[PDB]
Structures are given as structure tokens and as C-alpha cells.
Amino acid sequence: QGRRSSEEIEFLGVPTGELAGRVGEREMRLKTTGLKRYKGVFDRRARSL
Amino acid sequence: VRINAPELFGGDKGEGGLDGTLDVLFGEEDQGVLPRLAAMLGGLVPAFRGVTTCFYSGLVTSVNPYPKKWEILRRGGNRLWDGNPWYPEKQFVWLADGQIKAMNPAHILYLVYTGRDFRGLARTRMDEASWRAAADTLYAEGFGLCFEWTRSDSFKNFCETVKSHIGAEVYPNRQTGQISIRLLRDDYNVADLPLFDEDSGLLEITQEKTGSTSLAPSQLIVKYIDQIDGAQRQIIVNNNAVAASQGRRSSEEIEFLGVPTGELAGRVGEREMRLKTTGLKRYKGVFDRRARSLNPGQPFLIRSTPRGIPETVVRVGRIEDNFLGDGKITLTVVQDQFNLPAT
Amino acid sequence: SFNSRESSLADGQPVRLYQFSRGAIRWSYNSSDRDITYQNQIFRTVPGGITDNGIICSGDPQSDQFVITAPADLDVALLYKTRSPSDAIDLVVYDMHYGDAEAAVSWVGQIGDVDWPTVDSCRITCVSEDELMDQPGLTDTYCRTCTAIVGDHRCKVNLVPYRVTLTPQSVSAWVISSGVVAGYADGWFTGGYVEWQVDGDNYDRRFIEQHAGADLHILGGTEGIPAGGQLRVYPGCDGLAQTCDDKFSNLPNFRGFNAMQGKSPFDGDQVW
Amino acid sequence: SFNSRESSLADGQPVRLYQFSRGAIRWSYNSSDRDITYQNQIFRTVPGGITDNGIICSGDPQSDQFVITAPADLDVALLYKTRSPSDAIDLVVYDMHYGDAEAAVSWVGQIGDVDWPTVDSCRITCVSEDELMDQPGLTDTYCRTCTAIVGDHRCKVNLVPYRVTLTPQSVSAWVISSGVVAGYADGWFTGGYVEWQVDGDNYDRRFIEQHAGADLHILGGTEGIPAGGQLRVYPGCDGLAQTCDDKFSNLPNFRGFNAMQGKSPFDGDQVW
Amino acid sequence: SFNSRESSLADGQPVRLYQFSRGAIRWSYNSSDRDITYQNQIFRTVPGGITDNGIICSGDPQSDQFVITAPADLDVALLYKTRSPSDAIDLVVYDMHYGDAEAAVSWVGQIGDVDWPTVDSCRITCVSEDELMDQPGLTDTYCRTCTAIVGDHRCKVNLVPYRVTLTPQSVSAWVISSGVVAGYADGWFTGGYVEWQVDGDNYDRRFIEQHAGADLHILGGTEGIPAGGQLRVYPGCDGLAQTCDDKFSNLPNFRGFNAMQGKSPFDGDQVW
Ligand SMILES: [Fe+3]
Ligand SMILES: [Fe+3]
Ligand SMILES: [Fe+3]
């Protein structure tokens, strides 16, 4: 990144800092890993999903 | 700083006063650690670099253990810009016999865009000429503003507020790619501006937007904050001509909290009144490649004899061009009625 | 017979009439191919026809607009081409059947907006009185100034003695100059407006940005001002109590609050 | 002659050129059926053609996107298929007419999004620098930790001495193991990132979830990491003042507030 | 074989079955042209066919509706024509292939809305249990009254002893009159509801606006009330503590707060 960027997320339900960090690592990995999204078309074989 | 007010609240016979010693650490690049603060607090005491901090020690109150809330006035603008101020000769605007040290809004926008602590864009990406001209014009007009950051909102909101306060457009130039700023002022020559005609590069004009005059307000209330005391103040702008025609009174309230002086607020309020009650004509024209070099906020002339529209000065708005495929270049323009009076 | 004709299954001959009125001047148009005489009023036939889109009454002023389509040469709409008239053009719509002298009123309103999408057509958006209820209604502030437009029903100041009738000396793009006003102190006319007769009993009004010596600054330019026409100019009130009483002696009606209180609460922290 | 050709009514030969640049590597494409040489740069011809939808400049970053359509085999877009490159691909668009050596710059920006709706096509959404102004700008909190990313312009810490160059011993789906890092205390590399050369002067960066012994945990998996390529690994700062000074001795630049105050107001209820 | 048939490329014979159930009464319909027997249940064939629009599961109750199209003479939908039944009609949708005795459950829900756009068709909007989560969940107020509907799980009051079975004397448009209730004090039945058997083990309930002498006022009119059918009428609780204990002696379960405090804070200004 050329310039610093920051966002604020509130997890007021979290009672301990370690738990908040555990979930924050998940959020960071999700938001910076570059997910690939697909919109597929399926026949009846995908009926039970 | 030696603050001497032991009897501010009546002393012993009252509620006490303010007596003590105040030490201020603004947070310079080379600011060192204050021995007194670290010694008193102890532990791992950093230099508190990069942030303005103060250390007070002394009497706060007496008789009752309930200290009172404080209010501190503080000017700023020079300690910003990290280490390299930009065009400092016009950074500040002096008002009210030097009482108010207002800052040029152009400098605010430049700092926000290029500030390492805000966005950190390369200084090479900004068109120096346009920004310098805007700063010079603003300083000549003596148009300064004061602001405070506590909303924690996106840069877009603050930038939009600043633009509305000053009446300017900030766009990324399509040709050179740098950020350019254009002021909406009647500082143009009629001849040099390009002309567009049915035979000169105009395809079709569809929207007319004749507008109306019986509507629109007759009285405008402008609310501003005076920085000397920080107390809410307002001014009233009236439109006698429209008021006489109006059957019943109408009023609107607009807040310009960035304005530090009533005269400046009235100057901008007159512009707003003229814009909102002069009956602008809006056109949605269609042009060929001859309108390729236009940019947002650029005024130009349009003539179309069949429509009965004489040579008219309009300012560019929304732009949608199609260089490949349809070949349609469509522009939305508004009549030129933007001007900031100096009195 | 109008209601009977409407209920009739074979005599339906709809014809819609429009009446644009501005004080003493009326414009009459009809959607048929021939002129119609009604109540001693003849309605012109517009080459190309005049038609609307329908009437909507849903209780939402923003959505219940009335649209009129007519050629670009329509006389009533031509006025809006250069500048919107100061007064609002009231519009009344009648409905009648050919061969019958009875008509029913359908829509009543005023011009809201006019535009010319094509050289061969013009679209007029008509608004009803219900749309005037969207603006605020506070109209009250505890500030030092008067907070009243000179001459309003609250100031109760008669401007007829202050009326000045004059013929302008020279008219420019933005400045109208006259020597008669040169005899008044600077800023005497600031805040006033200029009214002059356009046609019949209707006048167009323009506000004044500033008055200085013999030159008057007109907001929005001087376009449309006749160079030799008779002009009526009224003064303007700054709103200050000293200005209100020294000039107009209307202090008893002064609506401003000069020195009652600026901040003083009765639930503060320290009175001294 | 470019402007003259644009004004010309019979010499119109539009041709749009695209230049995708990432540091020292440039990709050149043209929308015509033959290669074009401009400024000593030859633009390849894509079988099937490359075309856009138009340029919009309305002041709204969300709405003023630029869309590119090209086959699914496009080289520059192929990189995004597996993982987005760490660096942003700057894009510059030129306009020129066949037979003329002069071109005009039209659009400048960077890749915003890429997708492959069909096997025979690919759609690229390009964003301008104006869209980077929607994120907040607070970037300030009065908390105990440093509130600064190690190595940023605020920490002023030089990581070049701490650079470690190594060849990984074994690479797994989520864990990259090397014996050289086994000699460091647990958590030494936690918070750091791994950078390695992909092509030319461009490197791809990956953050580290945790460091334990000889095994390194890579956020998002180890896909794309060469099994024998040279890797550069930097440490990470926890942000605590003790961590900041004991390891890096950067306490004077410590941006955190460890023990100045947690809640203490001067307008509370009872000091004791 | 249902799954095998679905995977089969040549035996696809889709048939959708609908089962509308209300307690002890079930309505069975099929989309084919002949009746289908499944689990000892035969599904009628509707002349004109019954078809849906599809199943959506996006997590948004407002958007994930299920639509059914059927003729206007459908028996199950005919009930809603005059008044919505008191109980909700649960709907279960099965899927099976002709010639196979196995079916799979696809959708489960209840009737949400019914309308008759055309004389030859009817549209039914079915909602899932997820839509019942949009209403608030506070359900708590510190007021004087009980804040509990008589007979709910919180009041714990048995209404079976108070049940009164009677045959109405006369039925009018809005008033149902009976002499048996004339022997009770005015307002005894106020707040109660009347339930009577419609079909099988299902009853329709109606609330009572007011009770006065021998006349009972029914909210929303008395339409649908049989003139000679047997009716069960229950009393109603005003909610006042005196009313709760004197009549029902349920004061220990009184959920209201009569005289604990109306405003008294412990951080006010002056206690006296
Ligand atoms: Fe007055
Ligand atoms: Fe650090
Ligand atoms: Fe109860």
C-alpha cells in the first residue's frame, strides 16, 4: 500500500481481548485474501444443497 | 507557562481558582522526552511524539471536590504539513485585526489529498498551477475558514463540505491525469471561451428546463459560528423582489459552521440567494468530437438559431462520452450564474 | 347534459380546454382542431395539437404532477424561454363535449416547470398547491436582526411614500445608472427591489445587490429591463434596530431582539 | 493532426490504445486488427478484439467506472485468475488515428476488478484514484498499543538489517517450514510478511499468521509460493512498548499511550 | 429411485404435490392431469392446472416468498374470499416422479396472502416461518396495568370454568344478543372472545368490543356467525389489580406494577 488505510469495527459482544483478536484475524484474512466469487448454473444434481 | 489565577472562583471564600504550571509538548519531529513527566509518572515513558500534549500541575479547585470542565482555544495549520509546507506565503488569512488566523481552504484540500497522515498521495499527482492560482485568488478575496475533525467520516464528505463552502470542483484531469481544481467565478473572457454550434460541433439539444420563478424562497437564514467565542450566530439575507411577488412568506435554514465571520457568511449567502432565485436554465446537449477536451466546471458558449437560443454561457456538468462504438458525446450543462461577491 | 353525455354510450365527444391566467391577462387553448367558444371565451387551436398525460391524485405532491405537451411556439410558454415571469401563471382545466355549452372543472394549479425537449414540441410540468407544504415552517429565530422583510405583514411599514419613479439614464449588462438616486446616501436602496409594468396590470420584480452613488447593481443581470421604460424603485431595510427606527421609525414593530440575552442561562455553572 | 483529424469530416479513423504497466513490466494492446507502433512501443492485436463501454466523469467514484471487454486468454488479465497481484496494475489509455504518430491521453487509472463471465470473453472493471476517498480518515485512537504498522513512515524503523534471505525446506498446503528460522525465539516473525520476486522488479507479499519453531503459518494458504524460489522474510512488531524498545529500541518513536490515562476525567463525580 | 430418476437423463417425469393442512382437515392437490395416490392420500386434479414460480432461499424473509397460481374456484383458497380463517393453513410441498411411490419434501410454510387477479385464476403468496422474526421482541413495559392477555402462559388463569355455551337469541349486522348473558354485570364479557366450531376440530375466534346487558358488540361485524350454531364465549380481564384479584383471584401472578414507583429516581434534584 502506498498510503495507510484503516477501518473501525465494533464487536461490543466480545468480553476478552484475546477472543476479539481471534475474530479480527479471521476478518483480516477474509477481507485481504482476495476471495473469488462464482455464479454457477446447475441441474438437478445440486438439489439437496 | 505561568498561569496565575488562584482566586478565579473567589478563592477560599469562594470555590477556589486556577494556579499552577502548564507545560506543552506539541510533538515535533525531534521532540525529546520531558524529564519531569517521566519522573512523575515513571515506568516506560515514551516521547509522545507526533501529538500535541500538555502537562498541568497545580491547584484546580477548593472547598468542593468537584472540578469544573475546561475550554481551551488553539490555533493550528503550520505545524501540519509534516516537514515541508506548501506555498506558505499564502497559507493563512488574517481577519479582524489579526484576531482570527484563518487558513486557506485550498491548503486544507491540498493537505488532505497529499497529507501523509490523511491520504499520502504523491505530490507529483497534483497540478501545481491550478492549485496555486486558486490559493492566490482565495487569499486575495480574504476567504478563510476554520474546521475541527471529530466526525470520523470519509474524506469525500469533508471534501464536499469544503467545496460547497468555497464553490469549487475537484476532478482528476482526463488528459494529464493530475488532480485539478476550478473555481466558479466570473473571471473569464467571452472571446477565448470555445463556441459550439449546430454546424460547429453541436448535434442535438433536447432538454430545456425553462424553470419557474413564482416558487423559490424569499428569505434565507444563514447560521455561522464565530471563532472568537465559539457561540452560534446567524445572519439574514432577504430577496425583496421575490418577497413582494410571493403571496406567503417562505424561509429556509442553511448552516455554514465553517465560516468564522459574519461578513463572509453574508458574502456567500448573497451568492446562494442569487443562484437559487435567478432562475437558471439547464440544458442537456449532444456534441460531436469537437467537445472532446472539455472538463468539469469549464464554461463554454452554445448557439442554436433554430431553437431561438442566442449565444449563452454555460458551465459543464455531468460528462458521458463514447469514443468507440456509438460515437456519442453527451454533456449536461447549466447556465453560468456562480459568483462570489467581495462586498 | 355533460354528465349525461359522459354516461352516454354513443355521444362521447371529449374535448379538453386549458385556461392560463395571470391577473388581467388570460390565454385560452383547446385540444381540438377548431376553436371553441365557452362562457364568451374563444379558445385558439394550436397547429399540432395540445395534449396531456393524465391526472393523478395520490396525496403525494411530488408524484401528482400534471404534464402538458405543446409546440415550441406556444405563446404562454414562450415567456419562460428567457426568464421565468415573476408571478405564477395559474392554470384551470375544463372538460366539455362538442355541441354542448356546459363544461366541468377538472384540474386547478400553477406552472411548475417548462422545458423545450425538441424544436417541434414543449413539455410543461404543472404543480398543485399541495406541493407548497414541503418547505419548513419554523420561520422564527432569536437573533439580533429584525428577521422580517421590509414591507411584510409583520413589519407593517408602508412603502408607497418611499416609491420613486424614474427613467434610467443608462443600462449596462449588470449595472443600471440613474442620476436621481445619486442624491441619496450610499446604501439607501440596498436590499430593495425594482418593479416595472410588463403587460396589463402585471409587473416584474428584481432585487438589488447594492446601491452606490448613481449606479445600481442588479442581481442576476439587467437582461429584460427596458432601456426607456418607467421603473419603480423601493428602498431596503438592513434590519438593525438603529436602521429600523432612524430611517422608518418602526421600532415598536421591530421583531428583532437586540440586547435581551445572547447566552445567559439560569442553569449554568458560574454566574460571575 | 490528431485534433485536426478529429475535426475532419472524412478522415476519422479512431483507434484506442491501452497500456497496462506494473513497475518495470508493460503490456500493450490495441483495438484494431493490426499492430500499431507508437513511441517505439508496439501494441499487440488480440484475436477477437478489445473494446470498452465509454468514459464517464460525473464526480461520483462509484458510478464513473471504466469497463474493458477482452477474451479470456488475455495475458494481463490472466494473472488475476488464481490470485490478485499484490501491486496495482496502472492503466493508461491513448487515442490515435491510423497513419498519424500523435496520440492523446484519455483515461488513467488502475485495475479495480476482473471477472470471466464467459470462456470466450473477460470483463475488467477499472477504477480511478477518486474512489480511494470513500474510506474513513480518522486513523487515530488513544489506546495502549503502538497503533502503527512496523516499518511505516511513523515508526521510522529500518527493516533492512532484519531482512532474512532463505530457501524454504518444505512447503505444504498451509505451512512453510525452514530450519534457519528455527533458531529464533517463538513468535519472533509473528506479524511479519514474506516477499519474493515474481517477475522483473515486482514482488508478491504475504502476511504471517504465526511463527512457531521451524514452521511458519501463512494467511490464506501457501498457494503461489515457489518451492525453490528465494524468499525474503521480515519480522513483526507486537506493538507493546516493552516489545518496541527491547527488540527494536524505537521507544522514542513509540506512538502508543501506555500509562497516561485510561478513564480519569477532570469533570467526574468523586476523585477517590 | 427418486434421486436416481433426478440423476437420470431420460426418465425425468417431474410432478409437484401440494398439501394444505389445518388441524384435522387436509386438502390435496397435484399439478398433473390425473390424480396421484401417495401415502394413501389421493391428490385431486384441478381443471386448468396448478403451478408455482420457484423456490428462493436467500436468507431474506421479505424476498423468499413462494407463489402459487390456481383457478379462482380452488376450494382451499375459497375460504379467504369472505374472511381470513382464524388459524393459519400450513402448506407442505412434495416432489415425486410418475410411476414412483417415493417423494421428497421441498417447501414447508403457511399461507401469507391470497388474491384473485382474474376470474379464471388466483394467486397465493406463501410465507415461511423466518418472516415471523421481523416484529419487535421487547414485550416488556413498567406500567400500572397487567400487561398480560387473560389466559396466556404468564397469567396462568384457567378459562375453562368460565366457559359459557349458549345459542344466540338474535343476530344483527354488528350486535349479537342473548338473554343468558343479560344476567351478568355490565362489562363482564368485555375483552373476551367468542369461538365456535366451523368444521372438524377447527374453531373461528372473534373478539368483543364491549358487553352491555343482553347485547354483545362484535369487532369487525358479525358476518360469518351462524344464526343457530352453538357459540362459546369467554370473559375478559381489564388488567387492573383490583379487577385481577376480585374476579379471578390471580393477584400472585399479577404482572403489573401498581404502586412501586411512577417517576422517583435516585439521581434527581430535590427529594422533597
Ligand atoms: Fe424593519
Ligand atoms: Fe513499533
Ligand atoms: Fe390477569
# chains A, B, ... in the order shown; residues from 1 in each chain; ligands from 1
>>> select_by_dssp(residues="stretch 129-300 of chain B", states="helix (DSSP H, G or I)", output="PyMOL selection string")
chain B and resi 129-141+155-166+240-245+262-277+289-291
>>> residues_near_ligand(ligand="ligand 2", cutoff="12 Å", atoms="only C-alpha atoms and all ligand atoms", output="ChimeraX atom specification")
/B:46 /D:145-159,191,235-256
>>> write_last_selection(atoms="N, CA, C and O atoms", output="compact mmCIF listing (two decimals), in the first residue's frame")
# COMPACT_ATOMS: atom_id res chain seq x y z
N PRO B 46 7.41 7.03 26.83
CA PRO B 46 7.91 7.40 25.50
C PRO B 46 7.98 8.92 25.37
O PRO B 46 7.69 9.67 26.30
N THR D 145 -1.68 0.18 22.75
CA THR D 145 -0.77 -0.37 21.77
C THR D 145 -0.16 0.74 20.90
O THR D 145 -0.54 1.91 20.99
N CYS D 146 0.78 0.34 20.05
CA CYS D 146 1.51 1.32 19.24
C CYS D 146 0.59 2.04 18.27
O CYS D 146 0.70 3.26 18.08
N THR D 147 -0.33 1.31 17.64
CA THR D 147 -1.22 1.87 16.62
C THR D 147 -0.43 2.28 15.37
O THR D 147 -0.77 3.25 14.69
N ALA D 148 0.63 1.53 15.07
CA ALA D 148 1.46 1.81 13.90
C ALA D 148 2.00 0.50 13.36
O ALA D 148 2.49 -0.33 14.12
N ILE D 149 1.90 0.32 12.05
CA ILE D 149 2.43 -0.87 11.40
C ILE D 149 3.95 -0.77 11.35
O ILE D 149 4.50 0.25 10.92
N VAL D 150 4.63 -1.82 11.80
CA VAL D 150 6.08 -1.81 11.83
C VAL D 150 6.61 -1.44 10.45
O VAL D 150 6.20 -2.02 9.44
N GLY D 151 7.51 -0.46 10.41
CA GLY D 151 8.14 -0.03 9.18
C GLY D 151 7.46 1.12 8.48
O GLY D 151 8.01 1.64 7.50
N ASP D 152 6.28 1.54 8.93
CA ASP D 152 5.60 2.65 8.29
C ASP D 152 6.40 3.94 8.48
O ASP D 152 7.41 3.99 9.19
N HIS D 153 5.93 5.01 7.84
CA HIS D 153 6.61 6.29 7.94
C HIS D 153 6.53 6.88 9.34
O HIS D 153 7.29 7.81 9.65
N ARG D 154 5.64 6.37 10.19
CA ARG D 154 5.53 6.86 11.56
C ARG D 154 6.46 6.13 12.52
O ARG D 154 7.04 6.75 13.41
N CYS D 155 6.63 4.81 12.34
CA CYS D 155 7.54 4.07 13.20
C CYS D 155 8.99 4.45 12.94
O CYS D 155 9.81 4.46 13.86
N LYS D 156 9.33 4.76 11.68
CA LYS D 156 10.69 5.15 11.32
C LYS D 156 11.71 4.08 11.68
O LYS D 156 12.82 4.38 12.12
N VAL D 157 11.34 2.81 11.50
CA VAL D 157 12.21 1.68 11.81
C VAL D 157 12.68 1.06 10.50
O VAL D 157 11.86 0.76 9.62
N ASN D 158 13.99 0.88 10.38
CA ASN D 158 14.58 0.31 9.18
C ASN D 158 14.59 -1.21 9.30
O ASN D 158 15.24 -1.76 10.21
N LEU D 159 13.88 -1.89 8.41
CA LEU D 159 13.78 -3.34 8.43
C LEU D 159 14.86 -4.02 7.60
O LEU D 159 14.97 -5.25 7.65
N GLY D 191 3.52 -11.44 12.78
CA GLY D 191 3.17 -10.12 12.31
C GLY D 191 3.96 -9.64 11.12
O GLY D 191 3.63 -8.58 10.56
N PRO D 235 10.59 -9.49 10.16
CA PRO D 235 9.92 -9.75 11.44
C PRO D 235 8.64 -8.94 11.60
O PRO D 235 8.21 -8.25 10.67
N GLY D 236 8.02 -9.03 12.77
CA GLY D 236 6.81 -8.27 13.05
C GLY D 236 6.83 -7.74 14.46
O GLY D 236 7.37 -8.35 15.38
N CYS D 237 6.22 -6.57 14.63
CA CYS D 237 6.17 -5.88 15.91
C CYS D 237 4.80 -6.10 16.55
O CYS D 237 3.77 -5.87 15.92
N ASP D 238 4.81 -6.56 17.81
CA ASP D 238 3.56 -6.77 18.52
C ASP D 238 2.86 -5.45 18.82
O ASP D 238 1.62 -5.39 18.84
N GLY D 239 3.62 -4.38 19.03
CA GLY D 239 3.07 -3.07 19.31
C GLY D 239 3.18 -2.63 20.75
O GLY D 239 2.94 -1.45 21.04
N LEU D 240 3.52 -3.53 21.67
CA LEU D 240 3.70 -3.16 23.06
C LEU D 240 4.99 -2.37 23.24
O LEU D 240 5.99 -2.59 22.54
N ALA D 241 4.97 -1.43 24.19
CA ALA D 241 6.13 -0.58 24.41
C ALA D 241 7.36 -1.41 24.79
O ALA D 241 8.46 -1.16 24.29
N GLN D 242 7.18 -2.39 25.67
CA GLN D 242 8.29 -3.28 26.01
C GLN D 242 8.79 -4.01 24.78
O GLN D 242 10.00 -4.11 24.55
N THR D 243 7.87 -4.51 23.96
CA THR D 243 8.26 -5.15 22.71
C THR D 243 8.96 -4.16 21.78
O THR D 243 9.95 -4.50 21.12
N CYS D 244 8.45 -2.93 21.72
CA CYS D 244 9.02 -1.94 20.81
C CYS D 244 10.45 -1.60 21.18
O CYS D 244 11.32 -1.50 20.31
N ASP D 245 10.73 -1.42 22.48
CA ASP D 245 12.05 -0.95 22.87
C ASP D 245 13.05 -2.09 23.06
O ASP D 245 14.21 -1.96 22.65
N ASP D 246 12.64 -3.21 23.66
CA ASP D 246 13.58 -4.29 23.89
C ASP D 246 14.10 -4.87 22.58
O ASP D 246 15.29 -5.16 22.45
N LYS D 247 13.22 -5.03 21.59
CA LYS D 247 13.60 -5.63 20.32
C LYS D 247 14.19 -4.60 19.36
O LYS D 247 15.27 -4.82 18.80
N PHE D 248 13.50 -3.48 19.16
CA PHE D 248 13.87 -2.51 18.14
C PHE D 248 14.45 -1.22 18.71
O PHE D 248 15.02 -0.43 17.95
N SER D 249 14.34 -0.99 20.02
CA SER D 249 14.86 0.22 20.64
C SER D 249 14.34 1.47 19.94
O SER D 249 15.07 2.43 19.68
N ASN D 250 13.04 1.46 19.62
CA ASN D 250 12.37 2.57 18.96
C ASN D 250 11.38 3.26 19.90
O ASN D 250 10.40 3.85 19.45
N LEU D 251 11.63 3.18 21.21
CA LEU D 251 10.71 3.77 22.17
C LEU D 251 10.47 5.26 21.93
O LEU D 251 9.32 5.69 22.06
N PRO D 252 11.48 6.07 21.60
CA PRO D 252 11.20 7.50 21.37
C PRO D 252 10.13 7.73 20.31
O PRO D 252 9.37 8.71 20.42
N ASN D 253 10.04 6.87 19.30
CA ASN D 253 9.02 6.98 18.27
C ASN D 253 7.76 6.20 18.61
O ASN D 253 6.84 6.16 17.79
N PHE D 254 7.70 5.57 19.78
CA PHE D 254 6.51 4.83 20.18
C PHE D 254 5.28 5.73 20.13
O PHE D 254 5.21 6.74 20.84
N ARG D 255 4.32 5.36 19.29
CA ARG D 255 3.11 6.15 19.10
C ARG D 255 2.00 5.78 20.07
O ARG D 255 0.96 6.45 20.07
N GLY D 256 2.19 4.74 20.88
CA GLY D 256 1.16 4.33 21.82
C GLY D 256 1.19 5.12 23.11
O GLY D 256 2.14 5.84 23.42
>>> interface_residues(of="chain A", to="chain E", cutoff="12 Å", atoms="only C-alpha atoms", output="PyMOL selection string")
chain A and resi 43-49
>>> write_last_selection(atoms="N, CA and C atoms", output="PDB file, in the first residue's frame")
ATOM      1  N   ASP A  43     -27.827 -28.348 -12.729  1.00  0.00           N
ATOM      2  CA  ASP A  43     -29.016 -29.148 -12.982  1.00  0.00           C
ATOM      3  C   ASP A  43     -29.492 -29.753 -11.659  1.00  0.00           C
ATOM      4  N   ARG A  44     -30.377 -30.749 -11.725  1.00  0.00           N
ATOM      5  CA  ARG A  44     -30.984 -31.303 -10.518  1.00  0.00           C
ATOM      6  C   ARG A  44     -29.967 -31.915  -9.563  1.00  0.00           C
ATOM      7  N   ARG A  45     -28.750 -32.211 -10.022  1.00  0.00           N
ATOM      8  CA  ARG A  45     -27.766 -32.832  -9.143  1.00  0.00           C
ATOM      9  C   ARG A  45     -27.456 -31.976  -7.922  1.00  0.00           C
ATOM     10  N   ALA A  46     -27.693 -30.665  -7.993  1.00  0.00           N
ATOM     11  CA  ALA A  46     -27.485 -29.763  -6.867  1.00  0.00           C
ATOM     12  C   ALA A  46     -28.779 -29.481  -6.113  1.00  0.00           C
ATOM     13  N   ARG A  47     -29.694 -30.451  -6.077  1.00  0.00           N
ATOM     14  CA  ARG A  47     -30.997 -30.231  -5.465  1.00  0.00           C
ATOM     15  C   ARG A  47     -30.938 -30.256  -3.942  1.00  0.00           C
ATOM     16  N   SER A  48     -30.067 -31.080  -3.364  1.00  0.00           N
ATOM     17  CA  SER A  48     -30.043 -31.297  -1.924  1.00  0.00           C
ATOM     18  C   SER A  48     -29.184 -30.288  -1.170  1.00  0.00           C
ATOM     19  N   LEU A  49     -28.543 -29.352  -1.865  1.00  0.00           N
ATOM     20  CA  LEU A  49     -27.680 -28.392  -1.192  1.00  0.00           C
ATOM     21  C   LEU A  49     -28.500 -27.409  -0.364  1.00  0.00           C
TER      22      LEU A  49
END
>>> residues_around(residues="residue C:123", least_positions_apart="4", cutoff="12 Å", atoms="only C-alpha atoms", output="number ranges by chain")
B: 206-211; C: 50-53, 66-74, 77-78, 80, 111-119
